[PDB]
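Report on the structure given below.
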Amino acid sequence: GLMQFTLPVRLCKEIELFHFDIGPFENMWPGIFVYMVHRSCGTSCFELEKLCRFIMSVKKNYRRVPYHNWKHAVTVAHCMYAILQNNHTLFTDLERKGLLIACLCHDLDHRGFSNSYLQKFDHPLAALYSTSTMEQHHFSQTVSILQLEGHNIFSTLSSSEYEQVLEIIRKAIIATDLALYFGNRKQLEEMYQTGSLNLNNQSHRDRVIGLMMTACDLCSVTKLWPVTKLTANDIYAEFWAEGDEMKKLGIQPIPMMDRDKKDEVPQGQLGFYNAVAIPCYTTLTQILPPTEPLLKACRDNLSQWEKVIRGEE
Ligand SMILES: CN1Cc2c([nH]c3c(Cl)ccc(O)c23)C1=O
Ligand SMILES: [Mg+2]
Ligand SMILES: [Zn+2]
């Protein structure tokens, strides 16, 4: 009960900032997640024995892929932690519990391939889940791990609170399907602008939590330029592997995914910042003003990609 996780001074201070990098020491990442749960939720939210067993089973079920790996899971959970801490009174006890777990689990058992590649391959998962293919798999994997003996971190919730938190986690993980982000944000934009946005309306909260999930999932674009630039290499390593597998199916990949067309990456990054990232953090900043630093950091990185294109780096 009286056992707190503490971090070294530099981490204890920087972990509170949106642009925190969790570092190259993998063995510190579980401790960083428990620290965030304890400050975001309470030291009582989870039995520490069960939480530690849950974390380590989640870690084991992430693969050794360049980007969609255990470091991504903890990075996305940290961004959610920073949003929740800067918006203290907007979220319920159940939501703070559910969303940190949702972020840690959101890419469980990812193979480094898009929903599109699974469908063109004719992967069994594409027959089981016709849309949000990987995301329905990630939620399925989450439920499987929660049902391992000694892994049910929610066991002390009432029956209805248990059902509520599993439903928060399901919607949160489905929302990480970028195909669903475009319509979700358009609707949030209209609701904000016509002044109909109402956070006591459950359908409205769902939408806002979905946008938070997109914002945390993309948070690699909100780091200091050296982190953003080095993470983009990991992202493109999966894209080019997927491109290679498209060529093996006799399909020319989009140029972004073709490792023979690396010169076109910086222009591809600009489209992504302008079509996805900037609009995502703009709507997020409008709805939750204290998340402005994510939008500012994203604009700074857009400007760094413009310099890469102009040949200034
Ligand atoms: C963090 N992110 C994810 C992502 C980046 N760039 C992308 C492009 Cl060009 C197309 C489709 C994507 O899902 C992405 C990136 O840096
Ligand atoms: Mg995903
Ligand atoms: Zn992700």
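Here Cβ is always computed from backbone atoms with ideal geometry, including for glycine, and neighbour counts include all displayed protein chains. Every number here is computed from the coordinates shown, using simple stated rules; none is lab data.
Just the residues that are surrounded by fewer than 16 Cβ atoms within 10 Å (Cβ to Cβ) and within 30 Å of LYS247 (Cα to Cα), please, taken from region 260-305.
Residues satisfying the conditions are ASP260, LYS261, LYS262, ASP263, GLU264, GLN267, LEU270, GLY271, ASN274, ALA275.
Listed here are the residues, each with its yes/no results for (1) in contact with a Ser or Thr (Cβ under 9 Å, 6 or more places away or on another chain); (2) on the phi > 0 side of the Ramachandran plot.
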position: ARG259; (1), (2): no, no
position: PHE272; (1), (2): no, no
position: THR282; (1), (2): no, no
position: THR285; (1), (2): yes, no
position: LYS296; (1), (2): yes, no
position: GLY311; (1), (2): no, yes
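Among the residues of region 212-236, which ones are away from ligand 3 (no atom under 15 Å from the Cβ) and in a helix (DSSP H, G or I)?
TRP225, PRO226, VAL227, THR228, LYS229, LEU230, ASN233, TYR236
Kindly provide the set of residues from region 6-49 that are surrounded by 17 or more Cβ atoms within 10 Å (Cβ to Cβ), closer than 16 Å to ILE101 by Cβ and in contact (Cβ under 8 Å) with a residue 60 or more places away in the chain, ordered by number.
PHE33, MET36, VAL37, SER40, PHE46
Given the residues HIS110, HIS19, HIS68, which is the only one that is closer than 16 Å to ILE145 by Cα and within 16 Å of ligand 1 (Cβ to nearest atom)?
Exactly one of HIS110, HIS19, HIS68 is closer than 16 Å to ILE145 by Cα and within 16 Å of ligand 1 (Cβ to nearest atom), namely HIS110.
Yes/no per residue for (1) closer than 27 Å to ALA126 by Cα; (2) outside any loop (DSSP other than H, G, I, E, B); (3) not aromatic (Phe, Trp, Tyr):
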{"site": "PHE139", "(1), (2), (3)": "yes, yes, no"}
{"site": "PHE154", "(1), (2), (3)": "no, no, no"}
{"site": "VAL165", "(1), (2), (3)": "yes, yes, yes"}
{"site": "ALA179", "(1), (2), (3)": "yes, yes, yes"}
{"site": "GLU189", "(1), (2), (3)": "no, yes, yes"}
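Which one of these is touching a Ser or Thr at 6+ places or on another chain (Cβ under 7 Å), assigned to a helix (DSSP H, G or I) and among the hydroxyl-bearing types (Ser, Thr, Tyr): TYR117, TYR81?
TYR81
Of all the residues that make up region 120-135, how many are assigned to a loop (DSSP other than H, G, I, E, B) and either touching a strand residue (DSSP E or B) at 6+ places or on another chain (Cβ under 8 Å) or more than 10 Å from ligand 2 (Cβ to nearest atom) (or both)?
Total satisfying the criteria: 5.
Looking at this structure, is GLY250 within 25 Å of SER116 (Cα to Cα), not aliphatic (A, V, I, L, M) and not in a helix (DSSP H, G or I)?
Against the criterion (within 25 Å of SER116 (Cα to Cα), not aliphatic (A, V, I, L, M) and not in a helix (DSSP H, G or I)), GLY250 qualifies.
Conditions first: (1) within 16 Å of ligand 3 (Cβ to nearest atom); (2) buried (at least 17 other Cβ atoms within 10 Å of the Cβ); (3) touching a residue at least 24 places away in the same chain (Cβ under 8 Å). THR133 passes all but one, so which condition is the exception?
(3)
Yes or no: region 214-226 includes at least one residue that is basic (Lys, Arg), free of Cβ contacts under 8 Å to residues at least 40 places away in the same chain and either touching a helix residue (DSSP H, G or I) at 6+ places or on another chain (Cβ under 8 Å) or closer than 30 Å to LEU270 by Cα (or both).
Checked region 214-226: no residue is basic (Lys, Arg), free of Cβ contacts under 8 Å to residues at least 40 places away in the same chain and either touching a helix residue (DSSP H, G or I) at 6+ places or on another chain (Cβ under 8 Å) or closer than 30 Å to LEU270 by Cα (or both).
Before we move on, is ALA241 within 21 Å of the chain's Cα centre (by Cα) and assigned to a helix (DSSP H, G or I)?
So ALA241 fails the test.
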